[PDB]
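Below is one structure, written out as structure tokens; comments come after it.
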Amino acid sequence: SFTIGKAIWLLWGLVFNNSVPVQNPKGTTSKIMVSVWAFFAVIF
Amino acid sequence: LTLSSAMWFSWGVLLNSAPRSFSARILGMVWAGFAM
């Protein structure tokens with residue numbers, strides 16, 4: 001109820017694999033895409 | 001919801017960016033150190 005536009009800063013901080021953790025939803029969506037992007041950031 | 005949460009925490013260990021683990025924290029710490 002507070003991450004309407006804060007998902008932008010969430011993912012933009014998790015670009016570099018360390019940010020402020022906001023609770024990811026239970027819809028299996030954000031966790032999987034952040035896992036793929038985190039694997040890509042490890043590669044980067 | 002415990003099963004999906006434990007699955008997502010098992011992904012989150014590898015994600016590199018917690019349920020009741022009274023003896024499972026040893027498993028998690030060995031898996032995480034091995035993964036890194």
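If you're wondering about the labels, chains in the structure tokens are A, B, ... by order shown, residues count from 1 in each chain, ligands from 1 in order shown.
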If you take only C-alpha atoms and a cut-off of 8 Å, which residues of chain B touch chain A, and what are their nearest atom pairs and distances in Å to one decimal, in chain and number order, as JSON lines?
{"residue": "B:8", "atom": "CA", "partner": "A:31", "partner_atom": "CA", "distance": 7.5}
{"residue": "B:11", "atom": "CA", "partner": "A:35", "partner_atom": "CA", "distance": 7.6}
{"residue": "B:12", "atom": "CA", "partner": "A:35", "partner_atom": "CA", "distance": 7.6}
{"residue": "B:15", "atom": "CA", "partner": "A:35", "partner_atom": "CA", "distance": 5.4}
{"residue": "B:16", "atom": "CA", "partner": "A:17", "partner_atom": "CA", "distance": 7.1}
{"residue": "B:17", "atom": "CA", "partner": "A:17", "partner_atom": "CA", "distance": 4.8}
Restricting the output to C-alpha atoms, write the selected residues as an mmCIF file, in the first residue's frame.
data_model
loop_
_atom_site.group_PDB
_atom_site.id
_atom_site.type_symbol
_atom_site.label_atom_id
_atom_site.label_comp_id
_atom_site.auth_asym_id
_atom_site.auth_seq_id
_atom_site.Cartn_x
_atom_site.Cartn_y
_atom_site.Cartn_z
ATOM 1 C CA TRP B 8 10.733 -18.360 -2.620
ATOM 2 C CA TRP B 11 15.263 -18.905 -4.486
ATOM 3 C CA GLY B 12 16.126 -15.837 -2.382
ATOM 4 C CA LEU B 15 19.127 -14.445 -5.450
ATOM 5 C CA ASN B 16 22.035 -12.723 -3.609
ATOM 6 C CA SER B 17 20.230 -9.396 -3.130
#
Select from chain A everything DSSP, run on the backbone, classes as helix (DSSP H, G or I), then give the selection as a compact mmCIF listing (two decimals) with N, CA and C atoms, in the first residue's frame.
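Dumped everything to out-v4.txt:
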# COMPACT_ATOMS: atom_id res chain seq x y z
N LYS A 6 7.18 3.48 -5.93
CA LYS A 6 8.41 3.11 -5.24
C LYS A 6 9.03 1.83 -5.78
N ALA A 7 8.32 1.10 -6.64
CA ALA A 7 8.92 -0.04 -7.32
C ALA A 7 10.01 0.39 -8.29
N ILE A 8 9.91 1.62 -8.80
CA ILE A 8 10.96 2.19 -9.65
C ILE A 8 12.27 2.30 -8.88
N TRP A 9 12.23 2.95 -7.71
CA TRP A 9 13.42 3.07 -6.88
C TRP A 9 13.86 1.72 -6.33
N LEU A 10 12.90 0.81 -6.09
CA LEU A 10 13.20 -0.54 -5.64
C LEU A 10 14.09 -1.27 -6.64
N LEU A 11 13.62 -1.40 -7.89
CA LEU A 11 14.40 -2.08 -8.91
C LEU A 11 15.65 -1.30 -9.29
N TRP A 12 15.59 0.04 -9.26
CA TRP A 12 16.74 0.85 -9.62
C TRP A 12 17.83 0.81 -8.54
N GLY A 13 17.47 0.47 -7.31
CA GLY A 13 18.46 0.22 -6.28
C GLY A 13 18.94 -1.21 -6.30
N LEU A 14 18.07 -2.13 -6.70
CA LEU A 14 18.45 -3.53 -6.83
C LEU A 14 19.15 -3.84 -8.15
N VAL A 15 19.36 -2.82 -9.00
CA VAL A 15 20.29 -2.95 -10.12
C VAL A 15 21.66 -3.38 -9.62
N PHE A 16 22.15 -2.72 -8.57
CA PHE A 16 23.46 -3.02 -8.01
C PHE A 16 23.39 -3.96 -6.81
N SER A 30 7.14 -10.57 -9.04
CA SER A 30 8.24 -9.66 -8.75
C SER A 30 9.46 -10.43 -8.29
N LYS A 31 9.25 -11.51 -7.54
CA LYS A 31 10.37 -12.31 -7.04
C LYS A 31 11.10 -13.01 -8.18
N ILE A 32 10.37 -13.53 -9.16
CA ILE A 32 11.01 -14.22 -10.28
C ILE A 32 11.73 -13.23 -11.19
N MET A 33 11.10 -12.08 -11.49
CA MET A 33 11.78 -11.12 -12.37
C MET A 33 12.98 -10.47 -11.68
N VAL A 34 12.91 -10.27 -10.36
CA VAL A 34 14.06 -9.75 -9.63
C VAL A 34 15.15 -10.81 -9.51
N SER A 35 14.78 -12.10 -9.47
CA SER A 35 15.78 -13.16 -9.47
C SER A 35 16.53 -13.23 -10.80
N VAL A 36 15.80 -13.09 -11.91
CA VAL A 36 16.43 -13.07 -13.23
C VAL A 36 17.33 -11.85 -13.38
N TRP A 37 16.84 -10.68 -12.95
CA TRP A 37 17.65 -9.47 -13.04
C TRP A 37 18.83 -9.50 -12.08
N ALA A 38 18.71 -10.20 -10.96
CA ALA A 38 19.82 -10.31 -10.02
C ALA A 38 20.89 -11.25 -10.55
N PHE A 39 20.47 -12.32 -11.25
CA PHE A 39 21.43 -13.16 -11.95
C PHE A 39 22.16 -12.38 -13.03
N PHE A 40 21.43 -11.54 -13.77
CA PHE A 40 22.05 -10.68 -14.76
C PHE A 40 23.00 -9.66 -14.13
N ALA A 41 22.67 -9.17 -12.94
CA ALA A 41 23.53 -8.21 -12.27
C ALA A 41 24.78 -8.87 -11.71
N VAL A 42 24.68 -10.14 -11.30
CA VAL A 42 25.86 -10.91 -10.93
C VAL A 42 26.77 -11.09 -12.14
N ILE A 43 26.17 -11.38 -13.30
CA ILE A 43 26.92 -11.47 -14.55
C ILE A 43 27.57 -10.13 -14.89
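Going from CA of residue 30 in chain B over to CA of residue 27 in chain A, you cover 28.5 Å.
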Item to complete: Find the distance between CA of residue 13 in chain B and CA of residue 23 in chain A and write it in Å to one decimal.
Response: 15.4 Å
